[PDB]
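First, one chain by itself in C-alpha cells, the form deposited in one PDB entry.
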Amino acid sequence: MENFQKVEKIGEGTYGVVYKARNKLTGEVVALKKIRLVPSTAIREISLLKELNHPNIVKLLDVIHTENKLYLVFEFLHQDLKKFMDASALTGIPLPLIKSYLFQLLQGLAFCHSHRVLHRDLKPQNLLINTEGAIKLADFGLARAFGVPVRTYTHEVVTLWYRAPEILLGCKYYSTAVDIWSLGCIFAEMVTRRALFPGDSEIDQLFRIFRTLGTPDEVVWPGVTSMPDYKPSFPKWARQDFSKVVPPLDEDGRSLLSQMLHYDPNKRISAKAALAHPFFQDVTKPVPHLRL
C-alpha cells in the first residue's frame, strides 16, 4: 500500500474503494483496489488470475498480501463504458464502435471461459476503455474469490440488471453462460441507450425479463419448473419481438442477441461461437471520441 501514492478515488467497487495510484518507486500509474477483509483459498484463486493474461482483460499486476491485508494492483484505464455511454447519449455510440466493443469483449470472454474462469458480474462499470479503441474486462474472476454481496461496503446496492435468469432462479452452479447473458444485456443497452432489464429487486428483475422474453416454461427451458426459486404461481407473459425490443439493430445483430439471451444456459451461444456469427463479418476497430 505504502509503495503507492494515491492520486484520486475513482470510486467504490463491489469489494472496496478503488484508487488511481502511482508506484512510488517505478512511477507506474495503476488502479489500486483494497479488498474488504485473508482466506488461503482467496489467496490461491487470486494468484491463478495473475496468469490469466489477455489484451481484453485488465491486467492484474500484483497481489499485495501484507499486514494481514489484501490489495490488488491493476493496469489503469481512464474511463468505463457507463461514463462513455452517458457522454454518447444524444447520438448513441456509433454501431461500428458497438460492434468492435462487443467483438473484443467476446474475445476476452472466450479466453477466460476456455480456462474455466467466469466473471459472473459483468456491468458497464467494469468494462473499461482506452484512447486506442480497446475495451477491457475488469475484476474478472473476483466473484469466485470473494462472493457477490447484496450491498457494497458503503451500502450501495449491487445491480441486478445484468444478472442471468438461472442465478435469479437460485441455481447454485453457474456456467460461463451467465457471462454471455450479461454481455447480451449490455449489447442491447449500447444499441438502445436504455438498460434492457432495470430491475430493482430480484422479483422485479425476473418479471422484467419475463415480460420481454416470455415466462420460461418446460418447452424453452427443460428443468426450469424444478429450480429452487421457481414458483408455479409466476405470471405467464408472452414473448415480444426483438424488432420491438432493440430498434434499430439490424437482422444480424438481432439474431445474435437472441442467441445470447436464450433462457436455457445450455442453448445460450458460447463466446467462441458468437465470434463466428455473421454480425462480425464487417467488424472494424474505430477510434472512440474520448474526453479525459
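Take the two forms, superpose them, and find the largest set of C-alpha atoms that agree within 1.5 Å; that set is the rigid core. One rule holds for the numbers: they count along the sequence shown, beginning at 1.
Keep in mind that the form deposited in another entry is missing from the display, and what follows is about it.
Core-based superposition between this form and the one not shown leaves all of 98, 203, 220, 143 but one with CA shifts under 2 Å; the exception is 143. Fitting the two forms on the rigid core leaves the C-alpha of residue 152 displaced by at least 2 angstroms between this form and the one not shown.
Once both forms are fitted on their core, a CA shift of 2 Å or more is seen for residue 65 between this form and the one not shown. With a cut-off of 2 Å and the rigid core superposed, residue 257 has a Cα displacement that falls short of the cut-off between this form and the one not shown. Cα-Cα spacing of residue 175 to residue 152 is reduced in the other entry versus the present form (difference of at least 3 Å). Relative to this form, in the other entry the C-alpha atoms of residue 146 and residue 125 separate from one another by 3 angstroms or more.
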